[PDB]
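The chain below stands alone and is given as structure tokens, in the form deposited in one PDB entry.
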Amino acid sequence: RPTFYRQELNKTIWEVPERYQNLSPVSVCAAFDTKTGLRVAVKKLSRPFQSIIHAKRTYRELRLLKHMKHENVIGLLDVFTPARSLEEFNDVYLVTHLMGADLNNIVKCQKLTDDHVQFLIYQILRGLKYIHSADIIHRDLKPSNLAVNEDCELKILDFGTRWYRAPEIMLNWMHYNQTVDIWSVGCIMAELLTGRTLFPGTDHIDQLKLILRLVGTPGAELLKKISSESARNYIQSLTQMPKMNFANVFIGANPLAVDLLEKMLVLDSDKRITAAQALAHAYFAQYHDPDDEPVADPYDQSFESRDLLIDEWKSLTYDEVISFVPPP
């Protein structure tokens, strides 16, 4: 059992093992793991077991992180608690690789080279194939959720502000496809290529307005998957927007880029390219290796439909902390 030491950070006492030094806020903190020589990120959970909803989300997060073992997905390096028993088990800390920046801090409103864009988006997609294969969707993919290196190695965070969001999430559709994350990728890719936000809506309705201007009004196939006739009649009522030509916004882009984007930013989520399909697109020829794009082991999400007592969630979480084996 390690020896801990306490300290004030983010307006609260953090008790962590000796090995982790130089905690600096980023609630998350950067640190240096002196035992393994890694810069790491330490997340202290916000009141993990005050309520049943808190306790389940604590458990969800730990279950997800213990499962993910992929180079482009944030994985778990340690999980600890200063408590010596379940009885006094009240705090949870999760440790991961510290990447250093996010895709915002990187791009910095500048335009990236096409090669650089390929490598970044390929990594995103490679990571999404993995997580999608475990039947997990991100739901909120965006630049500040993509942690990146000085070397540009990328890892996705917080899987399972409204600029990268699929139009159906925004409209409370409720039966999401994994291609909601593909919409977000399209938004990210286009921003990397031009230096600007593709859809910088001022609010909810302006966002949907800017989308429709680019992608045009919903088609006939799409309309017949919409139940509400009032929703339908409002739509067919609007000015009839043709889909825009993807060249005009992306002038001088690799035409393979424009092709992939056309396949990603399709209103109809059923008609969007999937992560695995996108990896095999020609835009990625220089990075694509079909035998190094792995899928996940199947992930038991049977706890999601359970309604249990707070002490049950808290105990399940305690068990997973106690069974944790650091990776190699």
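The numbering used is simple: start at 1 and walk along the sequence shown. Here the rigid core means the biggest group of C-alpha atoms that line up within 1.5 Å when the two forms are laid on top of each other.
There is another form of the same protein, the form deposited in another entry; it is not shown, and what comes next is about it.
Engineer: After superposing the rigid core, is the C-alpha displacement of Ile52 2 Å or more between this form and the one not shown?
Structural biologist: Shift at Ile52: 2 Å or more after core fit.
Engineer: If we fit on the core, is the Cα of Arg232 displaced 2 Å or more between this form and the one not shown?
Structural biologist: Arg232: C-alpha displaced by 2 Å or more between this form and the one not shown.
Engineer: Once everything's superposed on the core, is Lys111 shifted 2 Å or more at the Cα between this form and the one not shown?
Structural biologist: After core superposition, the displacement of the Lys111 C-alpha between this form and the one not shown reaches the 2 Å mark, so yes.
Engineer: In the other entry, do the Cα atoms of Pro167 and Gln110 sit closer or farther apart than here, given a shift of 3 Å or more?
Structural biologist: Relative to the displayed form, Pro167 and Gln110 move farther apart in the other entry - a change of at least 3 Å between their C-alphas.
Engineer: Assuming the CA distance changes by 3 angstroms or more, are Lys263 and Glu221 closer together or farther apart in the other entry compared with the shown structure?
Structural biologist: Farther, not closer.
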